[PDB]
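What follows is a single structure, written as structure tokens, with notes after it.
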Amino acid sequence: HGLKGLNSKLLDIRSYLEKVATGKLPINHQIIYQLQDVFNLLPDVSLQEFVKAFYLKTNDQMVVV
Amino acid sequence: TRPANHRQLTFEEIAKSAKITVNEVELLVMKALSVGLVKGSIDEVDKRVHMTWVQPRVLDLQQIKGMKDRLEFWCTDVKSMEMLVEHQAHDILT
Amino acid sequence: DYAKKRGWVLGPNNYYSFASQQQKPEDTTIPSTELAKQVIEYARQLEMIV
């Protein structure tokens, strides 16, 4: 349900952004830089120390399982 | 300008781009860290300023198309991996 | 015959050229999707009626 809700919200965001992008509707000067800080997040999954910690905790869970 | 893959910037490109001296760079980025547009930190041993956050700016149409392309790249994988959890679990999730 | 055989050619007072080593690139988080399969199967064994 969380995955479907995230998909629906991202679909709405894409619909609005491609609507205001392609000529129709004025370019709102806010939101487009308020949603700029979204893309400054999403950290690198292919980072060395993050993977090194992720396996370190996955094994600790697998002991209990 | 750089797309957060190598956000770390060396001091040499800072002193070449801003045409300031070698020893005067750090106070300058401290001034940026004084105000709040920049939220980085400085490593002096390698002399590299790591970057975490940059305040947002105004964007134009081609940048909006690129943002929509990246947002579609993110939008596809959600459906693609929801198919993974829904396809490999039928009678658990019922 | 050994000067024309393979890499590391020899003859001018030292044997040079054609070094051989490794770089070893890795990501190691690629089988994570595979890990998902594994953990779901675990719940599979926990949830079909015997």
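In table form, for the structure just shown:
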read-out: From the C-alpha gyration tensor of chain A, square roots of 5λ in Å; value: 38, 16, 8
read-out: Pairs of alpha carbons in chain B whose separation is greater than 15 Å (percent); value: 74 percent
read-out: Exposed-loop-free span, longest in chain B, where GluC sites (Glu not before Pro) count as exposed if DSSP calls them loop and at most 12 other C-beta atoms lie within 10 Å; value: B:45-94
read-out: Crossing angle, helix B:25-35 versus chain B [Cα axis fit, 0-90 degrees, rounded to tens]; value: 60 degrees
read-out: In degrees, nearest ten, helix C:32-47 long axis to first principal axis of chain C (Cα); value: 30 degrees
read-out: Alpha-carbon centroid distance for the pair segment B:29-46 / segment C:10-45, whole angstrom; value: 37 Å
read-out: Chain B: relative contact order in percent, alpha carbon pairs under 8 Å with at least 6 residues between; value: 22 percent
read-out: 222 nm mean residue ellipticity, helices alone, for the protein assembly as shown (DSSP H n ≥ 4; -39,500 (n - 2.57); rounded to 500); value: -16000 deg cm²/dmol
read-out: Packing-based exposure ordering (other Cβ within 10 Å, fewest first) of C:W8, B:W74; value: C:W8, B:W74
read-out: Candidate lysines - alpha carbon under 23 Å from A:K9, same-chain residues fewer than 8 apart omitted; value: A:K19, A:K24, B:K65, B:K68, B:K79
read-out: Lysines whose Cα lies under 23 Å from that of A:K52, excluding same-chain neighbours fewer than 8 positions away; value: C:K24, C:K37
read-out: Angle between chain A longest axis and helix A:48-64 axis [Cα atoms, degrees, rounded to 10]; value: 60 degrees
read-out: Rg to Rh, two decimals, where chain C supplies the alpha carbon set and Rh follows Kirkwood; value: 1.62
read-out: Student exercise, chain C dipole from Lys, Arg, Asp, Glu Cβ charges, in Debye to nearest 20; value: 420 debye
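Note that each Cβ is placed from the backbone with ideal geometry, even for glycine, and that neighbours are counted across all protein chains shown. Every number in this text was worked out from the coordinates using simple rules, so none of it is lab data.
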